[PDB]
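The chain below stands alone and is given as structure tokens, in the form deposited in one PDB entry.
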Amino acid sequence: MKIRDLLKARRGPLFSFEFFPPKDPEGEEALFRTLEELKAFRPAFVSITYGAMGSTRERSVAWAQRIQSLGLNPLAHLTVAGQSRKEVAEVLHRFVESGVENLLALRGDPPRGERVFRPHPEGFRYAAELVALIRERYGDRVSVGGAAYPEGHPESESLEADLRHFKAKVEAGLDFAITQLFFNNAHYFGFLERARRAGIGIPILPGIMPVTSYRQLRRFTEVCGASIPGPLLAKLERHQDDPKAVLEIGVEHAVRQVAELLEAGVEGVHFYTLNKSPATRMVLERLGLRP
């Protein structure tokens, strides 16, 4: 089913799960066994992150197919970095021809943690251009989401400019958005309020990634642009050499985050799930949301 339809129809919050390209063949098989086990949670949709510069272009199409053949609903991530417009359109075509009904249109990061993005010579610069391409070619026959940033893209000059750019991307033809991970719910609620004042009505699903390793904080702050609230940071610093303690801290924090989001009427939660980590399923189990 199209995500826009799942959202309109829901009997309760939609839970979705995003995984990562596996590192080796054993890991790939283990990921697909995990997806099979994940039916226990009745996921609204599942995805695997797309390699930013197109490194996974063939594998990603085959993964979308394999997800569908397990009876799960794939959200196909697609980026524009490192790829020509023709190359992007070819991958898009292969997803849709495969029966994919749901696309997440993304830019991609610049490589190796560089601050400044440079498009491929015959490529796109902005996710909005890929949203518009999808609509030009497929109209409403697919559902299209994009990324939202409650705390702003790191490269944006202000939250106000970042919101204007989000509105422009919505206007290119998004049906929904999924946020960047965050640890401070107030920043998600603040972004929703800015969106409301700007006349944005589409569903905006919070993205949650429980902290599972202390080493993650550098990526979360430097790449993702997420802030770590005082109390959480202090607990992680105090236990930074104890991986078991860190996991429990991250799960407990995410449980409290998700409980408040649900009480605040979110349409769903999108869980960023490291392939070998049980943390996101632990969060749903602790909230009593395992069917």
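The term rigid core refers to the maximal set of C-alpha atoms that superpose within 1.5 Å between the two forms. Start at 1 with the first residue shown and count on from there. Shifts are known only where both forms have a C-alpha.
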If you look at the other compared entries where the surrounding residues are built, does residue 114 lack coordinates in a third or more? yes
Mean Cα B-factor check, 266-274 vs 10-18, entry values; winner is 10-18
Between 230-238 and 66-74, which has the higher average C-alpha B-factor in the PDB entry? 230-238
If I read the C-alpha B-factors straight from the PDB entry, which of 61, 255, 261, 246 is highest? 246
Determine which member of 114, 151, 162, 175 has the highest CA B-factor, using the values in the deposited entry. 114
Can you tell me whether residue 206 has a C-alpha B-factor in the lowest, middle or highest third compared with the other modelled residues of the same chain? lowest
Where does residue 212 sit by CA temperature factor within its chain: lowest, middle or highest third? middle
Just say lowest, middle or highest third for the CA B-factor of residue 138 relative to the other modelled residues in its chain. highest
By its CA B factor, does residue 129 count among the lowest, middle or highest third of the modelled residues in the chain? lowest
Chain-wide C-alpha B factor ranking for residue 46, given as lowest, middle or highest third: lowest
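The form deposited in another entry exists for this protein as well; it is not shown, and the discussion that follows is about that form.
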Please name the one residue from 257, 227, 56, 34 with a C-alpha displacement of 2 Å or more between the shown form and the other one, using the rigid core for the superposition. 34
Once the two forms are fit on the core, has residue 218 moved its CA by at least 2 Å between the shown form and the other one? yes
Segments shifting between the shown form and the other one (at least 3 consecutive residues, Cα moved 2 Å or more after rigid core fit) are at 32-34, 36-39, 217-222
